[PDB]
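>>> opening with a subset of the complex:
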Amino acid sequence: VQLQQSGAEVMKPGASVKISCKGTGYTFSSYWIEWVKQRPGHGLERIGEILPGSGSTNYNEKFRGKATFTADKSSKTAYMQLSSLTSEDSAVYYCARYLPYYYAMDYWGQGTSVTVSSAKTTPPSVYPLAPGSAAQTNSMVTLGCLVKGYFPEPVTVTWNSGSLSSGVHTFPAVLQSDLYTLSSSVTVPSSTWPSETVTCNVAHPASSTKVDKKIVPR
């Protein structure tokens, strides 16, 4: 058994989104297929299930009229017509097989990302985080390298080819006005920073942005 889904989808608010569900390794049109909505914040909410054989559909009382499923008997694929989409439904969608009153939910999908916004794909903006001019030299010192104004996700902010990998921290993406802003930090001994050359590198595959930047003291 194996399940396939469509790739990432972006669109302006108000239009429709079509996502496909492919199933193999079993009788595709013999039992229910249900989809799950996972908001990137919390909770799991379902959207509905369909039986690819007959036109038997049901919906949750909260998401009535928001999506309309569709099945195909010739090709083993399930579709979903999406109604007027708002910025409150941008979440991840899973598909799964289900058979009521008996053994059920033994497999899943892989995950499909739906990012609905109004911004435009912009290259990142890299900036160093240098400490202040007046600072007390302790036994160790922390670092910083920031990336602002990029879309869409993801981005890979690393140090010099993995040389400084212990004590790194990458935070989730959070918006400020309309775009993202992510920082990277690591702690290094204070007797090494004035000597060893360190450079933070940023890789954005969606825009093909490979930018390195050296951090120098004041």
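It's in. Numbers count the residues shown, from 1 in each chain, chains lettered A, B, ... in the order given.

>>> domains for chain A, by residue range?
Annotated domains of chain A cover A:1-118, A:119-217 [curated CATH domains].

>>> Throw the ones you listed into a markdown table and include mean neighbour count, thanks.
The way it works is simple: take the backbone N, C-alpha and C, and place the C-beta from them, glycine included. Shown next, in a markdown table, are the domains of chain A (neighbours: other CB atoms under 10 Å):
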| stretch | mean neighbour count |
| --- | --- |
| domain A:1-118 | 14 |
| domain A:119-217 | 14 |
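
>>> most centrally placed residue in chain A?
residue A:113 (6.1 Å; CA atoms, centre = their mean).

>>> contacting residues for it?
Counting by CB atoms under 8 Å, 6 or more residues apart in numbering, residue A:113 touches A:8-9, A:92.

>>> keep only those of the residues you listed that are in strands.
In this view, the contacts of residue A:113 that belong to strands under DSSP state E are A:9, A:92.

>>> name the nearest residue to residue A:15, sequence neighbours excluded.
residue A:85 (6.8 Å; CB to CB, 6 or more residues apart in numbering).

>>> and the gap between the closest residue to residue A:110 other than its chain neighbours and residue A:75?
Distance criterion CB to CB, 6+ apart; nearest residue to residue A:110, sequence neighbours excluded, is residue A:5 at 6.1 Å. Counting by CB to CB, to the nearest Å, the gap from residue A:5 to residue A:75 is 15 Å.

>>> now swap in residue A:107 and tell me
Counting by CB to CB - residue A:107 and residue A:75 are separated by 20 Å.

>>> got it, and residue A:123?
Distance from residue A:123 to residue A:75, by CB to CB: 40 Å.

>>> ditto for residue A:48
Going from residue A:48 to residue A:75 by CB to CB gives 21 Å.

>>> same question, residue A:40
Taken as CB to CB, the span from residue A:40 to residue A:75 is 31 Å.

>>> and stretch A:165-184, end to end?
Using CA to CA, to the nearest Å, one end of stretch A:165-184 lies 11 Å from the other.

>>> and for it, what are the contacting residues?
A:117-119, A:122, A:129, A:143-151, A:153-155, A:157-159, A:185-187, A:200.

>>> wait, doesn't residue A:57 sit right on residue A:34?
No. Between residue A:57 and residue A:34 there is no contact under CB atoms under 8 Å: 11.0 Å.

>>> can you list residues touching both of these two?
By CB under 8 Å, 6+ apart, the residues touching both residue A:57 and residue A:34 are A:48-50.

>>> add chain B to what we have:
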Amino acid sequence: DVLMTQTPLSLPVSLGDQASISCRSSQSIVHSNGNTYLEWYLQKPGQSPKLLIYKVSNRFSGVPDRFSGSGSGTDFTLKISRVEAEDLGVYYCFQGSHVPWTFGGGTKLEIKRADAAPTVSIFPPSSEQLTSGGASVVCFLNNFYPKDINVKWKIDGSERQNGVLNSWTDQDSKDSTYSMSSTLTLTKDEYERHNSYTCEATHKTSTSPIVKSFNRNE
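Placed with the earlier chains, chain B looks like this:
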């Protein structure tokens, strides 16, 4: 719709301890046939959920014996004997009695260890962002426990809340600590009119808030 109530919301337990989580139904979910149909789901960060317990009186084919499930006609309890490094994740309930089907609230489950001292580090903007025309002040708080911590921004002694980006990650594996990033974005013209910028932290393991302040004109 029959809502689930999972207790508690978060149950930090150490390695080797027995942890029990209750999942109560708002109505009776016992079917007239004589069998109650409930599913337990385990979701890991960045992966699709797995199966551990279907038909609570039974066990899934492929899960080790460390998991168990029990309960009366309405109250249900999932029990774990020895929490391992693999058992990290999020739990979910699923009722299969009435139409339609719905999920639970989601139970957060991680490991627990002793307290840690937070590491606070402030970073003023660099010369590159000044050439651009902005001011990004970053405040990292790494290696602290528990999540009970508050971050406050002061400008010349006044509380500031606009432009605050607060982000946090999950519990790391090698050190089992927490991290929190606080970013403050302002214009360069405002950076030349104020004097003192301060990141303050209040945590349980500190009787006094950790203060990190810096002045513009020094």
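
>>> the contacts of stretch A:165-184 again please, chain B included this time.
A:117-119, A:122, A:129, A:143-151, A:153-155, A:157-159, A:185-187, A:200, B:136, B:138, B:140, B:142, B:163, B:165-169, B:179, B:181, B:183, B:185 (CB atoms under 8 Å, 6 or more residues apart in numbering or on different chains).

>>> same question for stretch A:124-132.
The contact list for stretch A:124-132, computed with CB under 8 Å, 6+ apart, reads A:141, A:143-150, A:155, A:183, A:185, A:200, A:202, A:204, A:207, A:209, A:211, A:213-218, B:122-129, B:132, B:136, B:138, B:214.

>>> how about 6 Å then?
With contact meaning CB atoms under 6 Å, 6 or more residues apart in numbering or on different chains, stretch A:124-132 is reached by A:144-150, A:202, A:204, A:209, A:211, A:213, A:215, B:123-124, B:126, B:128-129, B:138, B:214.

>>> of these, which belong to strands?
Among the contacts of stretch A:124-132, DSSP E puts A:145-148, A:202, A:204, A:209, A:211, A:213, B:123, B:138, B:214 in strands.

>>> quick one: contacts for residue B:107?
Neighbours of residue B:107 in contact, by CB under 6 Å, 6+ apart: B:6, B:21, B:91.

>>> now these as TSV including distance to chain A and neighbour count?
Shown next, in TSV, are the contacts of residue B:107 (distance: CB to the nearest CB, whole Å; neighbours: other CB atoms under 10 Å in any protein chain shown):
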residue	distance to chain A	neighbour count
B:6	11	19
B:21	16	18
B:91	11	23
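
>>> mind listing which of these are in strands?
B:6, B:21, B:91.

>>> list the contacts of the second one.
Going back to what we said before, that points to residue B:21. For residue B:21, counting by CB under 6 Å, 6+ apart, the contacting residues are B:78, B:107.

>>> partner residues bridging it?
Per DSSP bridges, residues listed as beta-bridge partners of residue B:21: residue B:78.

>>> gap between it and residue B:107?
For residue B:21, the distance to residue B:107 - CB to CB - is 5 Å.

>>> scan chain B for its longest helix.
helix B:127-132 (DSSP state H).

>>> tell me the residues of chain A that contact chain B?
Within chain A, the positions near chain B by CB under 6 Å from any CB of the partner chain are A:43-44, A:60, A:108, A:127-130, A:132, A:134, A:142, A:144, A:146, A:169, A:171-172, A:174, A:176, A:181, A:183, A:185.

>>> inside strands: which ones of the residues you listed?
Judged by DSSP E, the subset of these located in strands is A:127-128, A:142, A:146, A:169, A:181, A:183, A:185.

>>> show me the contacts for residue 37.
No chain in the question, so chain A it is. Applying CB under 6 Å, 6+ apart, the residues near residue A:37 are A:45, A:47, A:91, A:93.

>>> my bad, chain B
Applying CB under 6 Å, 6+ apart, the residues near residue B:37 are residue B:96.
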